[PDB]
Structure formats: structure tokens, C-alpha cells
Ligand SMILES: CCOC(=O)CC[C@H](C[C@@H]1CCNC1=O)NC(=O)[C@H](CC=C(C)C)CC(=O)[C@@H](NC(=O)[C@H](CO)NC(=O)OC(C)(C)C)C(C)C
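For reference, the chain that follows is the form deposited without this ligand, supplied as C-alpha cells.
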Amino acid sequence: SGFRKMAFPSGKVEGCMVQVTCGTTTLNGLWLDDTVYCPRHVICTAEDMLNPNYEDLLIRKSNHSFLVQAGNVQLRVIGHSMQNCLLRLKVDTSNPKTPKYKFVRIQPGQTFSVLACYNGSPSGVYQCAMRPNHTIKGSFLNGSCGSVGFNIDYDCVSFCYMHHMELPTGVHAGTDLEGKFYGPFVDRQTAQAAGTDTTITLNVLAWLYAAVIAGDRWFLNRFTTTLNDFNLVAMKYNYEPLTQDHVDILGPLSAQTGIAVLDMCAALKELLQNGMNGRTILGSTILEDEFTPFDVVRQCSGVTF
């Protein structure tokens, strides 16, 4: 029934996006109830970015120092504490549109939707994956800082990521809605390239299962391999080690398609060694790894039995 890289409906998040200003610096903020979230680095200039001592810079500021706006209306800040690398700002009024939500820390390989904003204004939405090296191959052209990543299960919003800095390498880094970074990074203007990335095997597998369940299986073969034997190969081509844990997860998918995980695993091995024949899997000329087995299940198995 055709495939596509879907993202969650951003509506519930949009209603929380606000702008936060300090001096000449302005970025996005997350307004949930009476509290507002934004990168603690909003309180820094071209100066305070080389080697700031946030604790020192925060005492030097007041509630009055923060300009929080709701579209085109100011929200007054009446309190403020710093948690990790994020600022928690108290405001006189609460957000009516605050949805039901949770703050969860995401695992590399997992996926989410990002609502890229500029000046607290929803600009666009897209789905990506937390790269194995904790970065994200996103499009955060200058300004998106403070934007958030999230998942929507039912009517509950799970916030997992907030954009903080535009890495020198070109990819983007951030934290969880708790101020804790995703990766070996810090909100400093120091050079700090990204670690060695890898391909998400689990996701590459779920994808091949999707292609198959989508009536396309020219890559499936006769052979079958063992786990150690698959890694020996996959790890050659820069793929992430596949574990028993990963094979479990691909269980339900293994059912539906009648193909077993090690089998499908044998197929991939063949794709890595024998190239892709110039042929295509789901229109893609390459192997897509930004679809978790869960995502596939939510796109090739409708919304019912």
C-alpha cells in the first residue's frame, strides 16, 4: 500500500511553542502549564559562548531579563531555575493548550518528530532518528534552537528532544526535556565534531520486512546465517552490531511476512556484499535505516486487525 517517512501531527506541540529573548539573543521555548523550557544558552552573547560559567551568568540575571512572548503577547516570568543545560522559567499565566505529556529519554536508533520553529513560530515538521552517535541528520538552518522532538501515542505527547546547538560537522545536538545532553556534547562554542556514526541494522531490517510485506521481495534468498556470522560481515560495512535483543523485536514482523529474522538477515548480508543490482527496494536505491520496526508496523499493518 505504498510507503513514506511519516511524522506525528504537530498540532498539540504548536500550542506550546513560544519565544524567549535575552539581550540580542532569541530562540524557541516550550510552554507547558506555568513553566517554560528553553536552552540555558539563551543567556549568552558572542562572548558568553567560548567558555561560560552558566551558574555565574544566571545569578547576574533577573526574571525581568527574560522576554517570553506568546505569538504577539508577553508572558511575564516570575521564577527561574537551571536544570542541567535547560532553563525552567515560571510565568504568571498557564497555557490552556498544554496537552497530556511525559518527558522520556530516547535511545539511539529510536525515532521521533521534530517541530522546527524560528522565533517561537512553527515552521515545519519532519521525522528523523536519533543517530547511533547521538546526532541527527536534520535540517536546522540557524534559528531552530529550542525546537523540540516528540512522539504521540494516543493523546499523550512524549517529549524526547530539544535542539541546542548546530554542530561544526554539520549535524545537530540537543538534550532531553530534562536538560541532559544526548551525546558527548556541551553548550560551548568549542569545536567538537561528531563520533563515528553507524547504520541502524535493526531499522534496515524492519525496512526490508516492510518492502516484502508490501509485495516486494526480490532480495530474499535461499541462504540463512547465524548471528555471529552476520555481524562479522555487517560490522565490516560499518553497520551496528545486531544482538539477540534486536532479533526479538523483529519477531512480530517475522510472523506476518513468514520470513525468519536470520533469513532476512541472510538477505541483507547478500545486499551488502553483492551491492543493490541498481535495482530498488521501495523506490529507494539505497538501504533506509530511519524506520524502527515499530514504525514499519504502524505503516504496513493499518490501524486494526
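From 1 onward, residues are counted along the sequence shown.
For the pair 107-115 and 192-200, the mean B factor over Cα atoms is greater in 192-200. As the entry records it, the average C-alpha temperature factor is higher for 281-289, out of 9-17 and 281-289. By the numbers in the PDB entry, the CA B factor is greatest at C44 among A267, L250, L32, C44. Ranking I78, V148, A206, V125 by Cα temperature factor from the entry places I78 first. Among the modelled residues of its chain, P39 has a C-alpha B-factor that falls in the lowest third, as given in the PDB entry. When the modelled residues of the chain are ordered by C-alpha B-factor, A234 sits in the middle third.
Sorting the modelled residues of the chain by their CA temperature factor places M82 in the middle third. Annotation for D92: CA B-factor lies in the highest third of the chain's modelled residues. For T243, the recorded CA temperature factor ranks within the middle third of the chain's modelled residues.
Although it is not shown, the form solved in complex with this ligand is what the next lines describe.
At the 4.5 Å threshold, heavy atoms of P99 stay clear of this ligand in the deposited complex, well away from it.
Although the partner is absent here, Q192 is a contact residue: one of its heavy atoms lies within 4.5 angstroms of this ligand in the deposited complex. For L141, a non-hydrogen atom is located within 4.5 Å of this ligand in the deposited complex, even though that partner is not displayed.
Among residues of the shown chain, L205 is not one whose heavy atoms approach this ligand to within 4.5 Å in the deposited complex.
Judged against this ligand in the deposited complex with a 4.5 angstroms heavy atom cut-off, the residues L27, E166 and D187 are in contact without exception. None of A260, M49, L67, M276 but one reaches within 4.5 angstroms of this ligand in the deposited complex through a heavy atom, and that residue is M49. A heavy atom within 4.5 Å of this ligand in the deposited complex is found for exactly one of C160, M130, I200, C145: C145. Judged by heavy atoms within 4.5 Å of this ligand in the deposited complex, the contact stretch among the candidates 229-237, 168-176, 102-110, 88-96 is 168-176.
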